[PDB]
Amino acid sequence: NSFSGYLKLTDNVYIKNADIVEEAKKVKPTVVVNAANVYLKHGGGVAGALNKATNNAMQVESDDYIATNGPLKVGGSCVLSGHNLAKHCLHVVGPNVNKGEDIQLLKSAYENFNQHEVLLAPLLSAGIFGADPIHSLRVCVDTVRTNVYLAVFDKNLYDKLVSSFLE
Ligand SMILES: CC(C)[C@H](Nc1ncnc2[nH]c(-c3cnn(C)c3C#N)cc12)c1ccc2c(c1)S(=O)(=O)CCC2
């Protein structure tokens, strides 16, 4: 868990302008969070990038999990191997509001983080999932009670988020 260059927002939330994949390779965290969908199909975005860094091992493991257990619920999670990125990967499904899912499920999604003492995570439901990223940071700060290190791979958005938090 050798996180470097993060800015501490609250006693348990830290943030950095960084690619979560590069962070996971350098830090070797106990847990890395994937921004998953309910069938664990890592087709693009954060999930595709994490799977590619495992050379597709994450996708094969995910398909076997879904065969035995069925899909996740929106707001839910499962723990699978971290492969070369972490000890464990926490696959968390935030709502996709561009596909009509309820933004109130973002609180449920972040509540999954509280079962793990330390996590490297992306900003849930941001990007093409369509949630307002400033709102997602506020739900993270108000919900997560364990130690979360957020990697946001866009300097423009990182600056907006920090300036929103410090108002
Ligand atoms: C807001 C945005 C800046 C942020 N992106 C990221 N945040 C942190 N580490 C990242 N690595 C990469 C990366 C690394 N390689 N490649 C080819 C990619 C891609 N794509 C992207 C990325 C973000 C946060 C949450 C979500 C998404 C995007 S989404 O659009 O994938 C939908 C799911 C929820």
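Quick check on this structure: which one of 52, 73 is among the basic types (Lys, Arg), over 18 Å from residue 129 (Cβ atoms) and more than 13 Å from the chain's Cα centre (by Cα)?
Going through 52, 73 in turn, just one is among the basic types (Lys, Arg), over 18 Å from residue 129 (Cβ atoms) and more than 13 Å from the chain's Cα centre (by Cα): 52.
Of everything in segment 149-167, what is in contact (Cβ under 8 Å) with a residue 40 or more places away in the chain and either buried (at least 17 other Cβ atoms within 10 Å of the Cβ) or within 11 Å of the ligand (Cβ to nearest atom) (or both)? Give them in sequence order.
If the condition is that a residue be in contact (Cβ under 8 Å) with a residue 40 or more places away in the chain and either buried (at least 17 other Cβ atoms within 10 Å of the Cβ) or within 11 Å of the ligand (Cβ to nearest atom) (or both), then 149, 150, 151, 152, 153, 154, 155, 158, 161 are the ones that fit.
Check segment 62-79 and report whether any residue there is surrounded by fewer than 16 Cβ atoms within 10 Å (Cβ to Cβ) and under 30 Å from residue 164 (Cβ atoms).
yes
Restricting to segment 72-100, give me the number of residues that are under 12 Å from residue 35 (Cβ atoms) and either outside any loop (DSSP other than H, G, I, E, B) or among the basic types (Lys, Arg) (or both).
Going through segment 72-100, the residues under 12 Å from residue 35 (Cβ atoms) turn out to be 77, 89-96.
Pick out the ones that are also either outside any loop (DSSP other than H, G, I, E, B) or among the basic types (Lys, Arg) (or both) and you get 77, 89-92.
Adding up the residues that qualify gives 5.
Within segment 15-36, how many residues are within 14 Å of the ligand (Cβ to nearest atom), touching a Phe, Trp or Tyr at 6+ places or on another chain (Cβ under 9 Å) and part of a strand (DSSP E or B)?
5
Suppose we keep only residues that are in a loop (DSSP other than H, G, I, E, B) and either aliphatic (A, V, I, L, M) or out of contact with any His (no Cβ under 6 Å at 6 or more places or on another chain) (or both) within segment 44-71. Which one would you say is farthest from residue 125 (Cα to Cα)?
55
Any residue in segment 115-130 that's of a type in the set (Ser, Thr, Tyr): show its pairings with residues that are near the ligand (Cβ under 6 Å from one of its atoms) at Cβ separation under 8 Å, as long as the two are six or more apart or on different chains.
Listed by first residue and then by second, the contacts come to 125/35.
Please note: Cβ atoms are built from the backbone with ideal geometry, for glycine as well, and neighbour counts cover all protein chains shown. Rule-based calculations on the coordinates, nothing more; no lab input.
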